[PDB]
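Input: a single structure, listed below in structure tokens.
6 protein chains.
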Amino acid sequence: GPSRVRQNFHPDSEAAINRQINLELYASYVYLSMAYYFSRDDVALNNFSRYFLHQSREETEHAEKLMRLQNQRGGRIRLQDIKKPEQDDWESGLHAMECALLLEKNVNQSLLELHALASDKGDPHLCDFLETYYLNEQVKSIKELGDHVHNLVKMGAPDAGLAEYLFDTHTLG
Amino acid sequence: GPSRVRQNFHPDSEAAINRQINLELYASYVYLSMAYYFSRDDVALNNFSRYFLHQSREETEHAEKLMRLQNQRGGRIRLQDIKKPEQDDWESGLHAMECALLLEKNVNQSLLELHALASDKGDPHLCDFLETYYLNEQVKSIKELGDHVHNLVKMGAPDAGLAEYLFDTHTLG
Amino acid sequence: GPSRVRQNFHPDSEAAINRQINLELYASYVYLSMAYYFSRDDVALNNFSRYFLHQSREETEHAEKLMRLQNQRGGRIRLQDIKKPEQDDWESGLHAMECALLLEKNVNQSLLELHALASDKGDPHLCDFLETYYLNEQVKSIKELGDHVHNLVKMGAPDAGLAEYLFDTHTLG
Amino acid sequence: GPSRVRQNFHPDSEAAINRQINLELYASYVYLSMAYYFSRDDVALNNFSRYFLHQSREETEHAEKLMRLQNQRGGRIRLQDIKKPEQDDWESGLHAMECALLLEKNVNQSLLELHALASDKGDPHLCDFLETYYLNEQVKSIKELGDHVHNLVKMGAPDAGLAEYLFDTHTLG
Amino acid sequence: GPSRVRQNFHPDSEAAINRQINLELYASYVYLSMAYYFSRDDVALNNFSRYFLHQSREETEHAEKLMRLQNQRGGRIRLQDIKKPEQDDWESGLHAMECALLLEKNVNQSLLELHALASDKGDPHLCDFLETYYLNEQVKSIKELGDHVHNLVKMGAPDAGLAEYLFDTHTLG
Amino acid sequence: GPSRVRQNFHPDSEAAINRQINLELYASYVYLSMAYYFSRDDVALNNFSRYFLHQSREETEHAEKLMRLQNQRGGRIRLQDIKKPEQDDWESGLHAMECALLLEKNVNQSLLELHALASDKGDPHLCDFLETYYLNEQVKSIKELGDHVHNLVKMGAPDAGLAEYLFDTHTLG
Ligand SMILES: [Cl-]
Ligand SMILES: [Cl-]
Ligand SMILES: [Cl-]
Ligand SMILES: [Cl-]
Ligand SMILES: [Cl-]
Ligand SMILES: [Cl-]
Ligand SMILES: [Cl-]
Ligand SMILES: [Cl-]
Ligand SMILES: [Cl-]
Ligand SMILES: [Cl-]
Ligand SMILES: [Cl-]
Ligand SMILES: [Cl-]
Ligand SMILES: [Cl-]
Ligand SMILES: [Cl-]
Ligand SMILES: [Cl-]
Ligand SMILES: [Cl-]
Ligand SMILES: [Cl-]
Ligand SMILES: [Cl-]
Ligand SMILES: [Cl-]
Ligand SMILES: [Cl-]
Ligand SMILES: [Cl-]
Ligand SMILES: [Cl-]
Ligand SMILES: [Cl-]
Ligand SMILES: [Cl-]
Ligand SMILES: [Cl-]
Ligand SMILES: [Cl-]
Ligand SMILES: [Cl-]
Ligand SMILES: [Cl-]
Ligand SMILES: [Cl-]
Ligand SMILES: [Cl-]
Ligand SMILES: [Cl-]
Ligand SMILES: [Cl-]
Ligand SMILES: [Fe+2]
Ligand SMILES: [Fe+2]
Ligand SMILES: [Fe+2]
Ligand SMILES: [Fe+2]
Ligand SMILES: [Fe+2]
Ligand SMILES: [Fe+2]
Ligand SMILES: [Fe+2]
Ligand SMILES: [Fe+2]
Ligand SMILES: [Fe+2]
Ligand SMILES: [Fe+2]
Ligand SMILES: [Fe+2]
Ligand SMILES: [Fe+2]
Ligand SMILES: [Fe+2]
Ligand SMILES: [Fe+2]
Ligand SMILES: [Fe+2]
Ligand SMILES: [Fe+2]
Ligand SMILES: [Fe+2]
Ligand SMILES: [Fe+2]
Ligand SMILES: [Fe+2]
Ligand SMILES: [Fe+2]
Ligand SMILES: [Fe+2]
Ligand SMILES: [Fe+2]
Ligand SMILES: [Fe+2]
Ligand SMILES: [Fe+2]
Ligand SMILES: [Fe+2]
Ligand SMILES: [Fe+2]
Ligand SMILES: [Fe+2]
Ligand SMILES: [Fe+2]
Ligand SMILES: [Fe+2]
Ligand SMILES: [Fe+2]
Ligand SMILES: [Fe+2]
Ligand SMILES: [Fe+2]
Ligand SMILES: [Fe+2]
Ligand SMILES: [Fe+2]
Ligand SMILES: [Fe+2]
Ligand SMILES: [Fe+2]
Ligand SMILES: [Fe+2]
Ligand SMILES: [Fe+2]
Ligand SMILES: [Fe+2]
Ligand SMILES: [Fe+2]
Ligand SMILES: [Fe+2]
Ligand SMILES: [Fe+2]
Ligand SMILES: [Fe+2]
Ligand SMILES: [Fe+2]
Ligand SMILES: [Fe+2]
Ligand SMILES: [Fe+2]
Ligand SMILES: [Fe+2]
Ligand SMILES: [Fe+2]
Ligand SMILES: [Mg+2]
Ligand SMILES: [Mg+2]
Ligand SMILES: [Mg+2]
Ligand SMILES: [Mg+2]
Ligand SMILES: [Mg+2]
Ligand SMILES: [Mg+2]
Ligand SMILES: [Mg+2]
Ligand SMILES: [Mg+2]
Ligand SMILES: [Mg+2]
Ligand SMILES: [Mg+2]
Ligand SMILES: [Mg+2]
Ligand SMILES: [Mg+2]
Ligand SMILES: [Mg+2]
Ligand SMILES: [Mg+2]
Ligand SMILES: [Mg+2]
Ligand SMILES: [Mg+2]
Ligand SMILES: [Mg+2]
Ligand SMILES: [Mg+2]
Numbered sequence: 004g005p006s007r008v009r010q011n012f013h014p015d016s017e018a019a020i021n022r023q024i025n026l027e028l029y030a031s032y033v034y035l036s037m038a039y040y041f042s043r044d045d046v047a048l049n050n051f052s053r054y055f056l057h058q059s060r061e062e063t064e065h066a067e068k069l070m071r072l073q074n075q076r077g078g079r080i081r082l083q084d085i086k087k088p089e090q091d092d093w094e095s096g097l098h099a100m101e102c103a104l105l106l107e108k109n110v111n112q113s114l115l116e117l118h119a120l121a122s123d124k125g126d127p128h129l130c131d132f133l134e135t136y137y138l139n140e141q142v143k144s145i146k147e148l149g150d151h152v153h154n155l156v157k158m159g160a161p162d163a164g165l166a167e168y169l170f171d172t173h174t175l176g
Numbered sequence: 004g005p006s007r008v009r010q011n012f013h014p015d016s017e018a019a020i021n022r023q024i025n026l027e028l029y030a031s032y033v034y035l036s037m038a039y040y041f042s043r044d045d046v047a048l049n050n051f052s053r054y055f056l057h058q059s060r061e062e063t064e065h066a067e068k069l070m071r072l073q074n075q076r077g078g079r080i081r082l083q084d085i086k087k088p089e090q091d092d093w094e095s096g097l098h099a100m101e102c103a104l105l106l107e108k109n110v111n112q113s114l115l116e117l118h119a120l121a122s123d124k125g126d127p128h129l130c131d132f133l134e135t136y137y138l139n140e141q142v143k144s145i146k147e148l149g150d151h152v153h154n155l156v157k158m159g160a161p162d163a164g165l166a167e168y169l170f171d172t173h174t175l176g
Numbered sequence: 004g005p006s007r008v009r010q011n012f013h014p015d016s017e018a019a020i021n022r023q024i025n026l027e028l029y030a031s032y033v034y035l036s037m038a039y040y041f042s043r044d045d046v047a048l049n050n051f052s053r054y055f056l057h058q059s060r061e062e063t064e065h066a067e068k069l070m071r072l073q074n075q076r077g078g079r080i081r082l083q084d085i086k087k088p089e090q091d092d093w094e095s096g097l098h099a100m101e102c103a104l105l106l107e108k109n110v111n112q113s114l115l116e117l118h119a120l121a122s123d124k125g126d127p128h129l130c131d132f133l134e135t136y137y138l139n140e141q142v143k144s145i146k147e148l149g150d151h152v153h154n155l156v157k158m159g160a161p162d163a164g165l166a167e168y169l170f171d172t173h174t175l176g
Numbered sequence: 004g005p006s007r008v009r010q011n012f013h014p015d016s017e018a019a020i021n022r023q024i025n026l027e028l029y030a031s032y033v034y035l036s037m038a039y040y041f042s043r044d045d046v047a048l049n050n051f052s053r054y055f056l057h058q059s060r061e062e063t064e065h066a067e068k069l070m071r072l073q074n075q076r077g078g079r080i081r082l083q084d085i086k087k088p089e090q091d092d093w094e095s096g097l098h099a100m101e102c103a104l105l106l107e108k109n110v111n112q113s114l115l116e117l118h119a120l121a122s123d124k125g126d127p128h129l130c131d132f133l134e135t136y137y138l139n140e141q142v143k144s145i146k147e148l149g150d151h152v153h154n155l156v157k158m159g160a161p162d163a164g165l166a167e168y169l170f171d172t173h174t175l176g
Numbered sequence: 004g005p006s007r008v009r010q011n012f013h014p015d016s017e018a019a020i021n022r023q024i025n026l027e028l029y030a031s032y033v034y035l036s037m038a039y040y041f042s043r044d045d046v047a048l049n050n051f052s053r054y055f056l057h058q059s060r061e062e063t064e065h066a067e068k069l070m071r072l073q074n075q076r077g078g079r080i081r082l083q084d085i086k087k088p089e090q091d092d093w094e095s096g097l098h099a100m101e102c103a104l105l106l107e108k109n110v111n112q113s114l115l116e117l118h119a120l121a122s123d124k125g126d127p128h129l130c131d132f133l134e135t136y137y138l139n140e141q142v143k144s145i146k147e148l149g150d151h152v153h154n155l156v157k158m159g160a161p162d163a164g165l166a167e168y169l170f171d172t173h174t175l176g
Numbered sequence: 004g005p006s007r008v009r010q011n012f013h014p015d016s017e018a019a020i021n022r023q024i025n026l027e028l029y030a031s032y033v034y035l036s037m038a039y040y041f042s043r044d045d046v047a048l049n050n051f052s053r054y055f056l057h058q059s060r061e062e063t064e065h066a067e068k069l070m071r072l073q074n075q076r077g078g079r080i081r082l083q084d085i086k087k088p089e090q091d092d093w094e095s096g097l098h099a100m101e102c103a104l105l106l107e108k109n110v111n112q113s114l115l116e117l118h119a120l121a122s123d124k125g126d127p128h129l130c131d132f133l134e135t136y137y138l139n140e141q142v143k144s145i146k147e148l149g150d151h152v153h154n155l156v157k158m159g160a161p162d163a164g165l166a167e168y169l170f171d172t173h174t175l176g
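Protein chains in written order, with the deposited numbering: chain A, 4 to 176; chain B, 4 to 176; chain C, 4 to 176; chain D, 4 to 176; chain E, 4 to 176; chain F, 4 to 176.
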């Protein structure tokens, strides 16, 4: 107290990083739920399953990089419960994509608030960390999900019988 | 009488294995019938044909492993007629998949009854044999057929003109 | 009705091909029975087992080529029960070989009657099919079985203790 | 309702599998917490960190295989909150190892109760699943942790200055 | 007391595993005795020698896997004298094969009793261990020895001068 | 009677070789016991385990070469019970090493007495056999064990917490 490594690292930043870790672990859990929805016998869209499983594992990576940052800067990781997702039954490929898009925008908003806090606290290391590893990743993710939602809507998902099947095999395959 | 190899092998188990051999050979014949239905000039779904031909050959493997078990344990194989399948004309890709699912559940029920008999007779070798080579294979097969039935139903098979054609080329291809 | 592919294909030929399919599947089953007789603990002639298992699989090939022919010509496959073999206990390597020789001659006679029918119906495609894929195969098979029976008889099978053992390891190995 | 795949799968088993999924995800989170404790600047045992991170990822694998089983059998995954671990500060390499050993024994007890339930419900597929993928894994894990605890105790951890350092570099390296 | 690893492991099971270790070491010694009988100048059947030496080494493997199990589960290995085999002079290749068959059936009976005890004590780990590594190995071994005894009897062993010589060179070579 | 191969081979030598075979098999069993002591969860010195397991297998080799010698010279192998080791709990790495050193010196004394007997009986083949394959092996083994005991004593085994751990990983690893 303080850590021999700690320098220019505000307690508010440390707390906000702990909250961000929880949010990234939550996002991982949401995607894991979606992945296994798509492998149900009455859904059986294996490339939607693979896509969301990959997203789940990326969110765990996002959480771990923040945990590493906490240690690097001499903060102390404080974990909290990972809340269950809002749904187990995700309804359709389109609905899951729309929910993922909303999730990603929510996580983006949290990251932008974290960047504003880091700026306020004169922490350019933390600002750069977020810019380098988080903000463009989020923009790319949101854009990709937007593209997917548009194609599924235009194709007639979820009610048009061929739409999710064909998107599964040609876009996500 | 008895075989110099026979040990802890109840006559009821020996008889039940003979009945299971017949059922696996019957399942092989059903799938062979389906395979050649799909190669008719007025059906011509070559990947449905290939899929069911593969399933036919797997069922022969299942029969042979039970025949080998009978010899290994010192029982005597007693073959019976292999009954013809219930249909020659299987109507559609969806109908064949639904019939295959029912067949697999029926074969599964027979295997579960065989496991219950082996348990009752204190035959852990036979229990393990069924668990190792049959029960999970059946669960996997039933799940795969369930997945296929769901996709074909959602796509609008059998009446939607593109459904079986597209499933043939993208899932079974 | 008729199939858009059907041409110069008599209903009698179509029916005779269905009967031939059943006979080839029956021959496969006979050989499968023999194969597993030779793997009994009280018989244990592993190369006799392998030899008859191979013959079993070849007969399934013979059945499938006729099933393909039926579809190619626009006929409709009509499957029937596959009758069990005449024996489960095949007595000896010599007896099995003698039974196989009789089976092959019986199947040959059926093929010759099928060729006579095809000739009568002016079906040169069917005549050529039988000549190309069946008649010489049968002559080769009958000759091979004749050779095997002669050697086993001369060697003193089944009662001479070394005969089947030595034939198993030097001719069939 | 029910799933077209469901067979011999009791609702109690389905519920117990959902509880087991939560427990495996909890174990993953415990190990993740431990991994990042060991990377603190005031702990800095990088091979303890790597060891627990690996264990964390294995527990996620354990959770996923149960999620797959639920879908395979036609049950429905029902996720719950993942509770935070009991500690963020794990005190020492020895204490973390002792906590991991207790966790593994607790998870083992849950698996044994699940196997007893599956047995009671006559579900040999579920029994075999647990035996094949879970029970021996748990015994191996408990034994390994026991070995590690013994060596650390004998070496004088946590107070002997060289003990955890040397164990980190020679056993876990 | 108890071992920090021990869980769901009954003292009766621990004792029965110690007895099984002794029996497997005894079986190894029997086979070692047989191997060196066949290398006598007045026996000189080098492939019978090699066959039994291999079986001896496999039995040591069986003993070691049980010793490892004892440690894995937190039991304590308690070794006893390894009794000498019943004979040094094994009389003939046929007699040795018949003695080996009886030995294997006796060891199998002991394993089945061990499985019944494990079942009674609700130890699915131990049941699976026996099923996975012991019970099918025993069935395979008994069947192989049955096959060998049958061929040697039919060939006229031990009195027919060529029988053991030819079996040595063609089956065991 | 006598063996057609026997020449210059005294009955006393034949008997002494049988006693030596038993002693080498006993030494193998002692080392096997030690190997599995070191794999206990409350000992867990895996390189001590590996070292003694290797020594166990070498002693079996020593026994087999004497069994081969007996046959080569036309003597008859006479096996006896293999007595259990003096301990199951070997107390420590140092104590096991000290017990192994005493065992090796005892086996050496027996070999020297065997050489004296062979000399007395004018058997230069047996003298050379012992010199070539046994006497220098024993001197090397005794020296190696002496080296190990010295290092463990100097390092402070068994009570110094780091000693056996460090010797396990740097000398025996
Ligand atoms: Cl600071
Ligand atoms: Cl809350
Ligand atoms: Cl700044
Ligand atoms: Cl897209
Ligand atoms: Cl559509
Ligand atoms: Cl029996
Ligand atoms: Cl009937
Ligand atoms: Cl049982
Ligand atoms: Cl599908
Ligand atoms: Cl359509
Ligand atoms: Cl398409
Ligand atoms: Cl026509
Ligand atoms: Cl009839
Ligand atoms: Cl013509
Ligand atoms: Cl021939
Ligand atoms: Cl003869
Ligand atoms: Cl059910
Ligand atoms: Cl709660
Ligand atoms: Cl059950
Ligand atoms: Cl360790
Ligand atoms: Cl220290
Ligand atoms: Cl216990
Ligand atoms: Cl006694
Ligand atoms: Cl149990
Ligand atoms: Cl044999
Ligand atoms: Cl002879
Ligand atoms: Cl020969
Ligand atoms: Cl002499
Ligand atoms: Cl005594
Ligand atoms: Cl001399
Ligand atoms: Cl040394
Ligand atoms: Cl020390
Ligand atoms: Fe939050
Ligand atoms: Fe992504
Ligand atoms: Fe990625
Ligand atoms: Fe993220
Ligand atoms: Fe909640
Ligand atoms: Fe994200
Ligand atoms: Fe930048
Ligand atoms: Fe992303
Ligand atoms: Fe039946
Ligand atoms: Fe399949
Ligand atoms: Fe396959
Ligand atoms: Fe099957
Ligand atoms: Fe019928
Ligand atoms: Fe099947
Ligand atoms: Fe079981
Ligand atoms: Fe299958
Ligand atoms: Fe017929
Ligand atoms: Fe052939
Ligand atoms: Fe062939
Ligand atoms: Fe044929
Ligand atoms: Fe009949
Ligand atoms: Fe034929
Ligand atoms: Fe021709
Ligand atoms: Fe042929
Ligand atoms: Fe729980
Ligand atoms: Fe692990
Ligand atoms: Fe691993
Ligand atoms: Fe786990
Ligand atoms: Fe809480
Ligand atoms: Fe675990
Ligand atoms: Fe199993
Ligand atoms: Fe583990
Ligand atoms: Fe015993
Ligand atoms: Fe073997
Ligand atoms: Fe082997
Ligand atoms: Fe054994
Ligand atoms: Fe005795
Ligand atoms: Fe054995
Ligand atoms: Fe064996
Ligand atoms: Fe002695
Ligand atoms: Fe050595
Ligand atoms: Fe060596
Ligand atoms: Fe030795
Ligand atoms: Fe004693
Ligand atoms: Fe030695
Ligand atoms: Fe020399
Ligand atoms: Fe040595
Ligand atoms: Fe070192
Ligand atoms: Mg300082
Ligand atoms: Mg603070
Ligand atoms: Mg998938
Ligand atoms: Mg007998
Ligand atoms: Mg009977
Ligand atoms: Mg085709
Ligand atoms: Mg037309
Ligand atoms: Mg007609
Ligand atoms: Mg075979
Ligand atoms: Mg339905
Ligand atoms: Mg329910
Ligand atoms: Mg690290
Ligand atoms: Mg304790
Ligand atoms: Mg006790
Ligand atoms: Mg040899
Ligand atoms: Mg003479
Ligand atoms: Mg004498
Ligand atoms: Mg080891």
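Where is the CB? At the ideal position from N, CA and C, for every residue including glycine.
Close-in-space but distant-in-sequence residues of the same chain around residue i (CB under 7 Å, 5 per side omitted)
i	result
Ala30/D	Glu62, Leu106 and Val110
C-alpha distance - residue i paired with residue j, whole-angstrom precision
i	j	result
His173/A	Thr172/B	12 Å
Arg76/A	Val8/A	7 Å
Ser42/A	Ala166/F	54 Å
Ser6/C	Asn49/B	18 Å
Outcome for residue i when other beta-carbon atoms lying within 10 angstroms are tallied against a minimum of 16
i	result
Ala121/C	buried
residue 1/D	Since the first and last residues shown for chain D are 4 and 176, residue 1/D lies out of range.
Which residues DSSP lists as bridging residue i, in chain order
i	result
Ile145/F	According to DSSP, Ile145/F bridges with nothing at all.
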